[PDB]
Amino acid sequence: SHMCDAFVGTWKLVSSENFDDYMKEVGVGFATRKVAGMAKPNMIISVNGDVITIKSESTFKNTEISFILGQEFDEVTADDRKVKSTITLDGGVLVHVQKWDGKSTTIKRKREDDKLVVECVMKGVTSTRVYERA
Ligand SMILES: Cc1oc(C2(C)CCCCC2)nc1CC(=O)O
């Protein structure tokens with residue numbers, strides 16, 4: 001047993017709040033916001049040694065990142081941003097920072113009851129995305 005045991009699994013989106021505004025703040029254009037906002041992704045989290053993999057799969061896009069905590073990596077996001085990302089564990093929360101074009105967004109993933117809660121923040125705009133086990 002280890003670092004991320006309670007995150008591992010297959011998770012499905014069950015609720016979203018303020019996601020459109022988050023995507024506007026990030027710079028996502030109209031058509032992508034509409035199609036991406038309709039998606040109902042599954043998030044699949046696995047661990048092998050020190051390497052964590054997070055997949056997002058939906059009718060919009062399928063994405064996958066693999067990383068070591070605290071070790072920066074280049075990421076192409078589902079909306080096609082080229083970002084430099086770093087993911088750390090801070091008090092049991094996975095904290096994922098993306099930097100690009102002098103901008104920054106922070107995405108927190110936490111276990112709360114039987115849910116995996118994803119909080120997406122950019123400047124003053126937050127979106128909360130709630131996932132349950134598949
Ligand atoms: C943190 C994050 O980012 C996204 C993006 C990249 C999807 C495509 C449109 C722009 C945002 N969704 C989420 C939320 C989630 O995975 O549920």
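Indices start at 1 and increase along the chain as displayed.
Every residue, even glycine, has its Cβ placed from backbone N, Cα and C.
Features of the protein shown, as given by Swiss-Prot:
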- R129, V130, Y131: fatty acid binding site (BINDING)
- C4: N-acetylcysteine (MOD_RES)
- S15: phosphoserine (MOD_RES)
- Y22: phosphotyrosine (MOD_RES)
- 24-34: motif 'Nuclear localization signal' (MOTIF)
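Between the recorded positions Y22, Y131, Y22 has the most other Cβ atoms inside 10 Å of its own Cβ, all protein chains included.
The subset of modified residues (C4, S15, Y22) lying with their Cα within 10 Å of the Cα of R129 (fatty acid binding site) consists of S15, given in sequence order. Considering only the modified residues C4, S15, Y22, the residue whose Cα is spatially closest to the Cα of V130 (fatty acid binding site) is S15. Counted over every protein chain shown, other Cβ atoms within 10 Å are most numerous around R129 among the recorded positions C4, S15, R129, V130. Mapped onto DSSP classes, the motif 'Nuclear localization signal' (24-34) shows 8 helix, 0 strand, 3 coil.
Mapped onto three states, the DSSP output places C4 (N-acetylcysteine) in coil. The two recorded residues the residue listed as 'N-acetylcysteine' and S15 (phosphoserine) have their Cα atoms spaced 23 Å from each other.
For ligand 1, the nearby recorded positions are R129; that is, of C4, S15, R129, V130, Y131, these have a C-beta under 6 Å from one of its atoms. Within 8 Å of the centroid of the Cβ atoms of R129, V130, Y131, where the record puts fatty acid, the same chain has further Cβ atoms from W11, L13, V14, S15, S16, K115, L116, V117, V118, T128, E132.
Secondary structure at the residue listed as 'phosphotyrosine', as computed by DSSP, is helix. Here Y22 (phosphotyrosine) is positioned 18 angstrom away from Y131 (fatty acid binding site), judged by their C-alpha atoms.
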